[PDB]
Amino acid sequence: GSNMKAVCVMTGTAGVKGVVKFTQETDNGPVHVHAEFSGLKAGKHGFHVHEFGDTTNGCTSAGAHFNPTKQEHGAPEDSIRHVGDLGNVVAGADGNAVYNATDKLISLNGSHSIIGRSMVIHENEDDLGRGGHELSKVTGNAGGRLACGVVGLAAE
């Protein structure tokens, strides 16, 4: 039937790791996203679903932000955004981060399904397409890919 839970274990070679959990109680309902990370520089870090669930080559094969609606990069709350745009994960002074959001664009089913794709957490802050740079409207100018993982179906 409809997928109601998913998970993503994120790793890399930068000392950053984390786990993302997703719930979707109805086939077209909002998805609850919960993430925990460690090893991050204090502050904001870009967090998005990328197109491919290919983590080989140190996250460099994950592709661009997941964008089935062919839009420019934006903030999760914006009408204009990539389906994969989940904004920023905020790390405290200790390098740990807790993230929670309810999103209506990503899904665990249908065309916006993130199952089998990648979650990526970035080196720098996602400017939400508001930075004024060319990269702002593509990547949010979030810099390098610190950790990634493929999104898998979870028990429900």
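A residue's number is simply how far along the shown sequence it sits, counting from 1.
- [ ] Mind pulling up the entry and telling me whether 52-60 or 31-39 has the higher mean Cα temperature factor?
- [x] Stretch with the greater average CA B-factor: 52-60.
TODO: Tell me which of 132-140 and 9-17 has the higher mean C-alpha B-factor in the deposited entry.
DONE: Result of the comparison: 132-140.
Task: From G110, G116, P68, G46, residue of greatest CA B-factor - done: Of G110, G116, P68, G46, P68 has the highest C-alpha B-factor.
TODO: Could you look up the Cα B-factor of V83 in the entry and say which third of the chain it sits in: lowest, middle or highest?
DONE: Ranked within chain, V83 CA B lands in the lowest tercile.
Task: Third assignment of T102 from its chain's C-alpha B-factors - done: Ranked within chain, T102 CA B lands in the middle tercile.
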